[PDB]
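Observations on the model geometry
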Amino acid sequence: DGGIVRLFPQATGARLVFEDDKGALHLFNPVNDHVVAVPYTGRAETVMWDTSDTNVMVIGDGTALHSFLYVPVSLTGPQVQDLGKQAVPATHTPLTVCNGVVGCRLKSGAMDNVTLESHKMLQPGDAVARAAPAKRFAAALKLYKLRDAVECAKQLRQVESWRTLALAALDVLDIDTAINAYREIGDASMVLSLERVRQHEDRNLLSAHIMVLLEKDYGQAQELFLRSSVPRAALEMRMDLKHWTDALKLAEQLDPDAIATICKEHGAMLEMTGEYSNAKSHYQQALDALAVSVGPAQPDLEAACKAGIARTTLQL
Amino acid sequence: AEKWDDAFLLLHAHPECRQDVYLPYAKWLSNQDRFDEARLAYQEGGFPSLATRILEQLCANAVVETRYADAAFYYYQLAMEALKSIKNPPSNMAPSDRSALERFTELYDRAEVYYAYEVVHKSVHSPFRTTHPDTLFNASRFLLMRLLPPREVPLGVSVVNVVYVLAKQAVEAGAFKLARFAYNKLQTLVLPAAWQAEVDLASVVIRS
Amino acid sequence: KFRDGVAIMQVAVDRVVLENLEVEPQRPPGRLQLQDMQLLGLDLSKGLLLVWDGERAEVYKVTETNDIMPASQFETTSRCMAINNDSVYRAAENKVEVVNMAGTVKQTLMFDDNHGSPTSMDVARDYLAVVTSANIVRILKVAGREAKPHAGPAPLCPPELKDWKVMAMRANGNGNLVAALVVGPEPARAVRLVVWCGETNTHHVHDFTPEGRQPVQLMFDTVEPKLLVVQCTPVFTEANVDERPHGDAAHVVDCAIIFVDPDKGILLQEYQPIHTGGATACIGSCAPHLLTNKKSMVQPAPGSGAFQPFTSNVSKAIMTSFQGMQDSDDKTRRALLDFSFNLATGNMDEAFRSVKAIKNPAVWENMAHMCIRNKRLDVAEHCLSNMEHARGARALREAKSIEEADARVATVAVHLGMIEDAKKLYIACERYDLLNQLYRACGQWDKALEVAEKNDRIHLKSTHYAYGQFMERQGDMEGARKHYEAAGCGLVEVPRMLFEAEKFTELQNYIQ
């Protein structure tokens, strides 16, 4: 993107929000070599690091304390998220920041502390979010301090707040929120959706099977299976709940017997259905793609397709 | 006698009625969290099947702690089941009898994968070793080909030490075909990502 | 009665709430008073309500605003009667006096003394059904310009239930399948139903009084004439206290939703409550619901002391075995009313075979989709789940788990929000231990410990170890210890080493 104008390392340099030539700061994670451009752009005074968080990152330019939570692991990947663009006094030059509170320096030489709009909202001592901790639930669902939101939905005590934080953490791949919701009280059957998990580590086979069990998002599940240890699990869901939107996708590339399948139940959804014409066509090409299957020239399935061709020629 | 303990006196009576001596025994003790002595009640009375809750619970526990040896002896226990839960014998190679061999052979093959991985790979990672000297001697004649990843394996297993030591063992005691085969399969594996800065160069270096 | 689109009800001695269902809420509903009419029946035909008492009979003109006034009145030569929209079949003591608008006998239809006096009169909207004194009923088609007999003269009720007192007749749309209750005699007084199937001249049997109620109104469903929607208040003899609730609340008024088979008698589908806004009588049944009654009053105008005219005193009682019916199209209506005929009676031709074996070119929205209650899902899987259609998806989501027989249909029967129907057939396939241990899945994992004990003490330890690790996962340490310890094989780790490491032995694993 250009020359690195300013380098803002941590104490070890395992992550750093360096400045580009344009002036926009960019969080860098060289441990796994990931670059996330910070939503704050333009010249800053400095990137001082949160002593309470190596991922949450305050940009204090003398104008605002641009906090930036860094979320490296999700369904997609690393992301830098603004936890608040909260103003800073010009005389309060940011020396360091702790717990979302920037410890600045006075003009005569002293130490002064500058909080932000929502970090201190979730810190203890804010009795607005402690005597009435529903605001801590809300703002911890905002700043992804959701364990504060977890505890606060415990105290404000309903299932839907638990499920709200449960999905809000399932999006960022945290499940103990969902456990706290559902395994205390769930709808009907998500604990048998969790029980059907293998010892495979790619997160796309995993989530793809998870939403095969949820019987939803079968295009994304089949796509995640195409990047998985097995691609044919995509076609599996495709015969499991009778789709052709990607049964044909894996059938043209993997299995003419799956083409013969797709055309067998296409004849079927046109046999009992009627319009035995395209049912006849689909039954006939089901016989053909059974004959030209990469597997066997499967005689019993072809005979079933021929019973189909019997009835569909009969009604043709 | 209204007692499972006083059942045993003849609730272990004449074989070919051992199903009848042990299942009337087994419905005294079986359903009350004692499906562990009811395992051996089932061993002759029916087949040992209410056995896998504890077995797979600690199998998954050992998988979690990367201590893959409780699951070793538990798949060995499943092999003891499927070696004695076969009415057809395992010794001869009739298809029923060879399949009778094969069921506990595959369970003991799970046992042996967990064995080899934990025992030898964990020699530096976290020491945990159990061995069978007759099995290890036959291994010293025939062990090399068992160590492929996707063949009835818990998966997620690194076999760096295991590949190296297993190849050496296959080389040593003879079966001169397998010595040459293990020369082709000596060691090429890498220590985990905490060692990535050094075993990038020491992948072949550290374990031949 | 909901007749001719006008759900007319009589809530008082003279007040006849002749509510057309299409009356605007700002338009007045049915308001009509009778001149102290000893009403032995009323016959309304889209603006000509004739009421009769046995000494006079007035026909009431009705507007579309339900302004009901007497168009004409006439004396009765016989107490009951029935109108062919201008010419009234009277229940004459020896014949059917087809008396005109002025009560003079326009046409003559005859029933001899072997039939008896044609006392029961009804035109079944195309078929004048005439149950006589001896219930020998010949039914008269009117699809031309006047009456002409359609169903031959034959006893409405059998000799074993003619001694049982015959009250009235509910003739079907074809005017042959005539439902007719028989209450028991003076020592018995138990209501049995005799659906006189004039298709075959047989006499159906359904003793409601031991079977759940004593029905008050009989009517067939307006969409399928075999669905006899039997309005049913619980009244009994002194032997049938089973269905009724306690004491004064003994009327759990539930419709015997019944597909009467024309061969094997009355066969029942479900007990659908009328209790929809203080409703204790079913006055009709539209397609998506059942048109029951309601309290008859005048709604106050919103935000003011004025009174808006009532919309309709007719509560549309939603029908319950028909799921994915009402939000969906009318292929649903045919397909799954037919399937529910296959439910109450028991058949296979209608929802499946009659639509396969005809060469019917289309792609329907709901070939059939509640059909899983006769254990078939593929009709909701290739019609719907080829694209997962939503307006039959209620019975599709039911349908993936009322396939439950533990034949890989358990796994499909437990996918998302739908283990409960798997449990329903766990009850049905005699495995209610799986009812238990999968009702633990619905969020009962706190008392799942003791219900697991009810299942297995191995299941006890499975649930306690999972539950101990459940609050270990939440963060709790000592309660994790206890339910670990309350698990019989969770107990084999916790007292063993220090009582204090199931969190911490879990911690060293990532280090390893």
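Notes on the structure follow. (Residues numbered from 1 in each chain as written, not as in the entry; some residues may be left out. Chains lettered and ligands numbered in written order. Part of a larger assembly, values for the part shown. Heavy atoms only, no water.)

The next thing to look at is the overall build of chain B. Along its length, chain B carries 10 helices and zero strands. In summary, chain B has a C-alpha radius of gyration of 21 Å against a globular reference of 17 Å for 208 residues, an excess of more than 25%. Along the three orthogonal principal directions, the C-alpha set of chain B runs to about 70 × 40 × 25 Å. For chain B, buried positions account for 40% of its 208 residues. (Helix = DSSP H or I, 4+ residues; strand = E, 2+ residues; numbered from the N terminus. Rg over C-alpha atoms; globule rule 2.2 N^0.38 Å. Buried < 20%, exposed > 50% of the residue type's maximum accessible area, 1.4 Å probe, protein only.)

Moving on, we get to the overall build of chain A. Looking only at helices and strands, chain A has 13 helices and 10 strands in total. Taking 316 residues into account, the globule formula puts the C-alpha radius of gyration at 20 Å, and chain A, at 29 Å, lies well above it. Each of the three principal axes of chain A carries a C-alpha extent, and together these read 100 × 50 × 35 Å. For chain A, buried positions account for 48% of its 316 residues. In chain A, once contacts between residues fewer than 6 apart in sequence are set aside, the share between residues at least 24 apart is 33%. Total accessible area computed for chain A in this model is approximately 14,100 Å², and 58% of it derives from carbon and sulfur atoms. Of the side chains in chain A, 31 bear a positive and 39 a negative charge, and the two mean positions are spaced by 4 Å. (Contact = heavy atoms within 4.5 Å. Areas by Shrake-Rupley, 256 points an atom, 1.4 Å probe, with all protein chains shown as cover. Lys, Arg positive; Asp, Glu negative; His and termini not counted. Charge placed at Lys NZ, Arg CZ, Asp CG, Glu CD.)

Taken together, the contacts link 36 residues of chain C with 37 residues of chain A. Counting each side, the surface lost to burial between chain C and chain A is near 3,200 Å², with a carbon and sulfur contribution of 53%. When residues of chain C are sorted by the area they lose upon contact with chain A, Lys359, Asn386 and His415 of chain C head the list and together hold 21% of the total. Across the salt bridge formed by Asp240 of chain A and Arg408 of chain C, the nearest N and O atoms sit 3.0 Å from each other. Going through the elements one at a time, α4 (349-356), α6 (409-412) and α10 (457-474) of chain C are the ones with two or more residues in the side of chain C that touches chain A. (Buried area = accessible area lost by both parts, 1.4 Å probe. Salt bridge = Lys/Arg side-chain N within 4 Å of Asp/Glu carboxyl O.)

Right, let's talk about the interface of chain B and chain C for a bit. Tallying the contact residues gives 17 residues for chain B and 16 residues for chain C. Surface buried jointly by chain B and chain C totals about 1,400 Å² across both partners, of which 46% is contributed by carbon and sulfur atoms. One salt bridge connects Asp36 of chain B with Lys461 of chain C, and the closest N-O pair in it is separated by 3.9 Å. On inspection of chain B and its partner chain C, the count reaches seven residue pairs in polar contact. Mapped onto the side of chain B that touches chain C, the elements with two or more residues apiece are α4 (52-64) and α6 (95-125) of chain B. Of the residues forming the side of chain B that touches chain C, the biggest block, six residues, is contributed by α4 of chain B. In the side of chain B that touches chain C, the residues fall into four nonpolar, six polar and seven charged. (Polar contact = N/O pair within 3.5 Å; in protein donor to acceptor, adjacent residues only side chain to side chain. Nonpolar A, V, L, I, M, F, W, Y, C, P; charged D, E, K, R; others polar.)

Before going further, it helps to examine the pairing of strand β5 (residues 57-60) of chain A. Residues and elements named next belong to chain A. Burial along β5 is two-sided: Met57 and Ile59 facing one way and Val58 and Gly60 facing the other are all buried. In this sheet, β5 lies alongside strand β4 (residues 46-49) in antiparallel orientation, the contact comprising four bridges. The partner of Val47 across the bridge, within β5, is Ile59. As defined by bridge partners, β5 adjoins strand β6 (residues 64-71) across two bridges and the pair is classed as antiparallel. (Pairing = 2+ DSSP bridges.)

When we look at a pair of aromatic rings, we describe it by the centre distance and by the angle of the planes. A full pass over the atoms with the stated rule returns 15 aromatic pairs over all chains. Look at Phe18 of chain A and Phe28 of chain A: their rings are 6.1 Å apart centre to centre, the planes differ by 80°, and that puts the pair in the edge-to-face class. Taken as a pair, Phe18 of chain A in strand β1 (residues 16-19) and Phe28 of chain A in strand β2 (residues 25-29) lie far apart in primary sequence, 10 residues in all. In this structure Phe18 of chain A comes out as buried when scored by relative accessible area, which is 14%. Given the relative accessible area of 23%, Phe28 of chain A is considered partly exposed. A ring pair is formed by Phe73 of chain B and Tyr76 of chain B, whose centres lie 5.5 Å apart and whose planes are at 85°; its orientation type is edge-to-face. Of this pair, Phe73 of chain B and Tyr76 of chain B both sit in helix α5 (residues 70-84), three residues apart, which is roughly one turn of that helix. The partly exposed category is assigned to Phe73 of chain B, whose relative accessible area is 32%. Using a relative accessible area of 28% as the deciding quantity, one classes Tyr76 of chain B as partly exposed. An aromatic cluster of three or more residues is present, and its members are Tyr68, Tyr75, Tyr114 and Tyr117 of chain B. Note that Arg213 of chain C overlies the ring of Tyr271 of chain C, its terminal NZ or CZ placed 4.7 Å from the centroid. (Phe/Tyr/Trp six-rings, centres within 6.5 Å; stacked < 30°, edge-to-face > 60°. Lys NZ or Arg CZ within 6 Å of the ring centre and 35° of its normal.)

A few words now on the environment of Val88 of chain A. Residues and elements named next belong to chain A. Turning to its location among the elements, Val88 is positioned in the loop between β7 (79-87) and β8 (93-98). Sequence spacing of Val88 and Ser161 is 73 residues, and the spatial spacing of their C-alpha atoms is 34 Å. With near-sequence residues (within four places) excluded, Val88 lies in contact with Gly62, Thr63, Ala64, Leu65, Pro94 and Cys104.

All names here are of chain A. Going through the model one piece at a time under the given rule, you end up with 44 salt bridges over all chains. Of the charged contacts in the structure, one is a salt bridge between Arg311 and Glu271, with a shortest N-O distance of 2.7 Å. Note that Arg311 is positioned in helix α13 (residues 299-314) and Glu271 in the loop between α11 (256-268) and α12 (276-291), a separation of 40 residues in sequence. Take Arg311: its relative accessible area is 29%, and that puts it in the partly exposed class.

Adjacent strands of a sheet pair through backbone hydrogen bonds, lying either parallel or antiparallel. Read across the open sheet, the four strands follow the order β16-β19-β20-β23 (chain C); overall the sheet is antiparallel. The open sheet has two edge strands with one neighbour each: β16 (165-166) and β23 (206-207) of chain C.

The next subject is the packing of helix α8 (residues 160-172) of chain B against helix α9 (residues 176-184) of chain B. Residues and elements named next belong to chain B. Interhelical geometry of α8 versus α9 gives an angle of 155° and a closest axis separation of 7 Å. What the angle tells us is that α8 and α9 run roughly antiparallel. Note that α8 runs across α9; the crossing there is left-handed. Contacts from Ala167, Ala170 and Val171 in α8 reach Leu178, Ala179, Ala182 and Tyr183 in α9. Of the residues contributing to the contact of α8 with α9, the split by class is seven nonpolar, no polar and no charged. (Axes fitted to C-alpha atoms, helices over the stretch in contact; angles between N-to-C directions. Parallel < 35°, antiparallel > 145°, perpendicular 65-115°, else oblique. Left-handed = near helix turned anticlockwise from the far one by under 90°.)

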